[PDB]
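Numbers in the deposited numbering are just positions in the sequence shown, counted from 1, shifted up by 91.
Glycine included, each C-beta is placed from N, C-alpha and C at the ideal position.
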Amino acid sequence: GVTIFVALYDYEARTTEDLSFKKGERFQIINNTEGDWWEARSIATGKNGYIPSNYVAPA
């Protein structure tokens, strides 16, 4: 139930429950999910947090 995505843009966390990440970083996204913030785990860092859904594309 996880799908791989890539960051299209750099993003500085806007809450302490957001991830910060770089353009080109990859993530696992939990599948069930909608609204505009998705729970992501960075494959680069291993950290988990929210990301804006429109900052990523399927990879």
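Here DSSP, grouped into helix, strand and coil, assigns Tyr146 to helix. A direct Cα-to-Cα measurement between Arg105 and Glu130 gives close to 14 angstroms.
Contact between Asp109 and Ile142 holds, with the beta-carbon distance rounding to 7 angstroms and staying under 8 angstroms.
The beta-bridge partner set that DSSP reports for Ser111 is empty. Nearest Cα to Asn145 within the set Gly92, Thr107, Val93 and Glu125: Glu125.
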